[PDB]
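A single chain, nothing else alongside it, follows as structure tokens in the form deposited in one PDB entry.
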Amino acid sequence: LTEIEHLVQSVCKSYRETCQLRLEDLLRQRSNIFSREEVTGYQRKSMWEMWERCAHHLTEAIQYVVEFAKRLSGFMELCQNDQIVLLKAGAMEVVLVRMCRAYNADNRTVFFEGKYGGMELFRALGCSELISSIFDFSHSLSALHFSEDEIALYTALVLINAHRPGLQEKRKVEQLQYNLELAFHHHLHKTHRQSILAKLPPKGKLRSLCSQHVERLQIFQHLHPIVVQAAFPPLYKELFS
């Protein structure tokens, strides 16, 4: 009935529609783990072939997040500068949070190209510290056993943050932020899940991992550029020069 319960439903609708795999598909496929021969197959690939595979999965993942953001009540109504500011700082942070759904804490593997594989699968990329940091972040997030609605509401808040440097209409973003915080806290009370609030990762940690990740992606993109058919061209122009 309330404007808030309608917001909860729409955020969860936007989320469910902008998700590539459904949680049950990822959950059932946990048994389908890459063989040592398949692992060796991936480790023996060139850095540049592994970069191409990962770059295209990450760009497709960002594209689903841009679509998620576009479907968030109020986003399209913000100025284009603000829309860029929010997506530039937050789209990859959302991708990093969404990744915990495809992560298995039991064996420390991620669902990649049809099967579950460990971080060793990525050996050829030569950025083990970064990749270990990503798996660690997914490991901490997997302990929360986040529900699909919780991930939807939390990621909307990762994106709609009025504290991002460069916002031109801070107040309009704050209004959207306040409504989403109410939606999230209202839903956690209703479901007796307010306990996750003290367990969420510190804001600086997600920011920090994201900045390290995007910085590496930028280094690879400079060395071996991939072209992408941009869903949001003004955002695309801010990262792809």
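All residue numbers are counted from 1 along the displayed sequence.
Remark: stretch with higher mean C-alpha B factor among 47 to 55 and 24 to 32 is 24 to 32. If you average the C-alpha B-factors over 136 to 144 and over 89 to 97, the higher value belongs to 136 to 144. Residue 81: CA B factor lies in the highest third for its chain, per the PDB record. In the deposited entry, the Cα temperature factor of residue 221 sits in the bottom third of values across the chain's modelled residues.
In the PDB entry, a CA B factor belonging to the lowest third of its chain's modelled residues is recorded for residue 188.
The entry lists a Cα temperature factor for residue 61 that places it in the lowest third of the chain's modelled residues.
Residue-level temperature factors show residue 105 in the highest third of its chain, judged at the C-alpha atom.
Another form, the form deposited with a small molecule bound, is not on view; read the next lines as being about it.
Listed residues 182, 33, 39, 26 were compared with the small molecule in the deposited complex; 26 is the one with a heavy atom within 4.5 Å. Interface residue among 153, 95, 160, 72, judged by heavy atoms within 4.5 Å of the small molecule in the deposited complex: 95. The small molecule in the deposited complex is approached by residue 19, whose closest heavy atom lies within 4.5 angstroms of it.
In the deposited complex, at least one heavy atom of residue 131 sits within 4.5 Å of a heavy atom of the small molecule. Residue 78 falls outside the set of residues with a heavy atom inside 4.5 Å of the small molecule in the deposited complex. Using a 4.5 angstroms threshold between heavy atoms, residue 44 stays clear of the small molecule in the deposited complex.
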